[PDB]
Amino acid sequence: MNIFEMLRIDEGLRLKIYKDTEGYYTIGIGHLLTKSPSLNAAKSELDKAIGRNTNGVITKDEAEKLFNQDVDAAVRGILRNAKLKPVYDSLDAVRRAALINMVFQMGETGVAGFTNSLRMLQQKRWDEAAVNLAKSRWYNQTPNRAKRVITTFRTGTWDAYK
């Protein structure tokens, strides 16, 4: 198991523009296109991201290319963030994947706002961190995914993804 396989499990794969869990236009493996209600705005963003007139459809290779870029962006966003980088550096490899997963889903700024949870993770108070992480809109809106990610923070294993 690795961060790519982990996010593939959590995000799935769809080759046509679709709406994410928050109603936002998305494609591929969790690639947010826009928060705009305009499907035309989303199609424009898609063509810009792929480099061709897609009309809302991409190939599997194209979806994997955006996914590689998005995972890359999530890691670089963590390392460039003054609140996330100390936590990331303090963690083991499995729990680092859980943090990357959170940033992939909700963005650098959103995760960096989990101040109290981040402190608990930094302190390696795993059960306490897991309890704090669940007191969130994140958990209430995507509980099954949040449970898998939280279990990964609690245990430092991949048990929730096997």
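Just count from 1 along the sequence shown to find any residue number.
A.B. asks: Which is higher on mean Cα B factor in this entry, 20 to 28 or 135 to 143?
C.D. replies: It is 20 to 28 that shows the higher mean C-alpha B-factor.
A.B. asks: Looking at the entry, does 119 to 127 or 37 to 45 show the higher mean C-alpha B-factor?
C.D. replies: Between 37 to 45 and 119 to 127, it is 37 to 45 that shows the higher mean C-alpha B-factor.
A.B. asks: Among the modelled residues of its chain, does the C-alpha B-factor of residue 96 lie in the lowest, middle or highest third?
C.D. replies: Residue 96: CA B-factor falls in the lowest third of its chain.
A.B. asks: Using the temperature factors of the C-alpha atoms in this entry, rank residue 9 within its chain: lowest, middle or highest third.
C.D. replies: According to the entry, residue 9 has a C-alpha B-factor in the chain's middle third.
A.B. asks: So where's residue 105 on the chain's Cα temperature factor ranking, which third?
C.D. replies: It falls in the bottom third of the chain.
A.B. asks: Ranking every modelled residue in this chain by its Cα temperature factor as given in the entry, which third contains residue 71?
C.D. replies: Residue 71: CA B-factor falls in the middle third of its chain.
A.B. asks: In terms of the chain's CA B-factor thirds, is residue 62 lowest, middle or highest?
C.D. replies: Residue 62: CA B-factor falls in the lowest third of its chain.
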